[PDB]
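Have a look at the structure below, then the notes.
Taken together, the values in this text are just the output of simple stated rules run on the coordinates, not laboratory data. Virtual Cβ from ideal backbone geometry, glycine too; neighbours counted across all protein chains shown.
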Number of protein chains: 2
Amino acid sequence: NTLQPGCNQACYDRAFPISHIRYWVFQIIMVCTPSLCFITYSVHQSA
Amino acid sequence: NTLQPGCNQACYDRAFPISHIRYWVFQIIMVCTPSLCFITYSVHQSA
């Protein structure tokens with residue numbers, strides 16, 4: 001509720017510094033990373 | 001600086017409850033009133 005140009009962008013950025021979806025995607029990939037490490041180690045071990 | 005309807009009216013009313021021009025006109029007429037009273041009394045006294 002304002003007429004100031006650029007206030008919407010600043011207020012949105014302050015309210016939601018990181019979108020929930022981005023954080024959840026990052027979390028999912030990170031938690032899956034150890035499994036990928038294990039699979040790569042298993043593949044490298046065989047031949 | 002707002003998008004709220006009716007904020008301009010309320011804020012102008014609060015900032016300037018009475019316009020300067022209206023106050024000055026009222027002051028001028030009131031200060032001239034005693035002279036009008038004297039002139040009317042003089043006219044009535046004569047016949």
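Things worth noting here:
- The residue that is farthest from the other protein chains (Cβ to nearest Cβ), among those in the stretch B:1-17 that are among the polar types (S, T, N, Q) and under 21 Å from residue A:7 (Cα atoms), is B:8.
- Single residue of A:2, A:40 found to be surrounded by 10 or more Cβ atoms within 10 Å (Cβ to Cβ) and in contact with a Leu (Cβ under 7 Å, 6 or more places away or on another chain): A:2
- Residue-level check: of (1) within 21 Å of the chain's Cα centre (by Cα); (2) surrounded by 10 or more Cβ atoms within 10 Å (Cβ to Cβ), residue A:8 misses just (1).
- Residue B:25 falls short on exactly one of the conditions (1) farther than 30 Å from residue A:6 by Cα; (2) loosely packed, with under 10 Cβ neighbours inside 10 Å, and that condition is (2).
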